[PDB]
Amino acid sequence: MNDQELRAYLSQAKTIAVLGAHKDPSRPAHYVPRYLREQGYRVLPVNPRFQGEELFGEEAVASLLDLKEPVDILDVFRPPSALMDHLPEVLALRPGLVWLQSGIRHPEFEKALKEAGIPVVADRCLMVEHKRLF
């Protein structure tokens, strides 16, 4: 995937689910999605730690399976050691593209996603890359 193709995914994306969404405005799990929301994206916060609480103008749900609409981009902020347990959720949800934030890689998780036919982008910040490309 090149910038040109990555642009087609970003510019086409409507919903961006944030796995690991945070409330503290100091963390990336919050300011990255916040930046995304201000760019015309409908970010859907997902985090058991803040379930029921409003974030980015939406109620935070505990699971990806709790989301109502399809997901264009799954922006992941959860650490590598917490990814395999969520694999079945991501496979079921089947987002158009799974995005692993900075400092997050997991060979197995990524392979499983690729084998399922789901595009993956890892160790990259969605805010930084969106800024770059557009």
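From 1 onward, residues are counted along the sequence shown.
*Asks:* Pick between 64-72 and 42-50: the one whose mean CA B-factor in the entry is higher.
*Replies:* Averaged over C-alpha atoms, the B-factors run higher in 64-72.
*Asks:* On mean C-alpha B-factor from the PDB entry, just flag whether 76-84 or 52-60 is the higher one.
*Replies:* If you average the C-alpha B-factors of 76-84 and of 52-60, the larger mean comes out for 52-60.
*Asks:* Lowest, middle or highest third: where is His22 by Cα B-factor in its chain?
*Replies:* For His22, the deposited C-alpha B-factor lands in the lowest third.
*Asks:* What third of its chain's C-alpha B-factors does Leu126 belong to: lowest, middle or highest?
*Replies:* Answer is lowest: the recorded C-alpha B-factor places it there.
*Asks:* Which third of the chain does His106 land in by C-alpha B-factor: lowest, middle or highest?
*Replies:* Its C-alpha B-factor, which the entry lists for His106, ranks in the middle third among residues of this chain.
*Asks:* When the deposited Cα B-factors of this chain's modelled residues are ordered and cut into thirds, is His30 in the lowest, the middle or the highest one?
*Replies:* For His30, whose C-alpha B-factor we compare with every modelled residue in the chain, the answer is the middle third.
*Asks:* When the modelled residues of the chain are sorted by Cα temperature factor, does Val98 land in the lowest, middle or highest third?
*Replies:* CA B-factor rank for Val98: lowest third.
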